[PDB]
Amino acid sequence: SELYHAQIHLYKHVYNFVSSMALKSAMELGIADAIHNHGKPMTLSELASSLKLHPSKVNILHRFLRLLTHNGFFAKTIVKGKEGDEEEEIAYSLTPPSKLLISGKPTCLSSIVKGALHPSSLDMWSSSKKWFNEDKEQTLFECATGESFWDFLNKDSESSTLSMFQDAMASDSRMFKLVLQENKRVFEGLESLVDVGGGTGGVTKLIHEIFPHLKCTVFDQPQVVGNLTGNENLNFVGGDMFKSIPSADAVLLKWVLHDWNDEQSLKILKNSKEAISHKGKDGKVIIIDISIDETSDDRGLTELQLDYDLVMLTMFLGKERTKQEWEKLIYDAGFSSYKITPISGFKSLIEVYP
């Protein structure tokens, strides 16, 4: 040997980005939609024809397909052959991963894919070195463009970018519904639920689509909840989560602890344990946020989570918590046990028990 075997590992990571760009191309070309609409395995020719590609772009289409098939986004099949009796020919089929790229469906993740791999998310890396060696505390995006991501989107010049980003957020909120469908046992025995920082009731409306009989109360700041009303199984309450949280069978904390440091998060968790106190060992607190498990055997899941965490760092200077950090908060808060359920690819739903 010589550990000249280390090259293989070095290069896989160097060129890993190519696979992301390939997926990106697949979605922007609408391949999934083309095949799905076709209703059956599609031939290179047929597909090229559907995409209305110029003859010279057909082999490029072939190249991307081969890489994408090897990566599991398509399955090769051999079919009869171009009519005017049969030659052997390859046909492509969608696989579960690519079915996520079919537009018009509730499961479509095309937008999140488009945004995550948009130039406004990628071009900034050319300033990574300057970013490390400067004295200004800022995001990689600010260091590279001279303005925060938020400001960039709001520029008249970036009308569409702000629109696309906006689509990804809607698509991301919508997915949470699937999260509910896939984990009913989490809300089944509950009579009531308090949605902390539930804004104007968007999330609770989704909960109400799957659990119509659940009495939910949207809790937020006085000025955000205004004086909204109704829906006997839906009520709004204004207040400060750091003072107290309305009592209920369970407390929902969806994307809240992400924005607060430990000291503030601990106080919120403590108030959450109080809101369910009356229900005793029956109550629970539900935390929906990312949980990175470094000791997990699924190394690839952890890499993906850490990758997302790095995007949060370079774009917003934000952070995600590890399983240990989460454990400290939970037990420090006074809870007895907890369970983590993976959701939406790499996110987590955490059931916390007093």
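Counting begins at 1, following the sequence as shown.
Item to check | Per the entry, higher mean C-alpha B factor between 94-102 and 280-288 | outcome: Result: 280-288.
Next on the checklist: Mean CA temperature factor from the deposited coordinates, higher in 81-89 or in 186-194?
Outcome noted: On average, C-alpha B-factors are higher across 81-89.
Checklist entry - Going by the deposited entry, which of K129, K215, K114, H258 has the highest CA temperature factor? => result Highest C-alpha B-factor among the listed residues goes to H258.
Next on the checklist: Among the choices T200, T161, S121, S247, identify the one whose CA B-factor in the record is greatest.
Outcome noted: Of the candidates given, the C-alpha B-factor peaks at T161.
Next on the checklist: Using only modelled residues of the chain, where does the Cα B factor of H208 rank: lowest third, middle third or highest third?
Outcome noted: It falls in the middle third of the chain.
Checklist entry - What third of the chain, by the recorded C-alpha B-factor, contains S296? => result Highest third, going by the recorded CA B-factors of the chain.
Next on the checklist: What third of the chain does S272 rank in for C-alpha temperature factor, lowest, middle or highest?
Outcome noted: It falls in the middle third of the chain.
Item to check | Relative C-alpha B-factor of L234, binned into the chain's lowest, middle or highest third | outcome: Its C-alpha B-factor, which the entry lists for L234, ranks in the highest third among residues of this chain.
Next on the checklist: Using only modelled residues of the chain, where does the Cα B factor of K155 rank: lowest third, middle third or highest third?
Outcome noted: Highest third.
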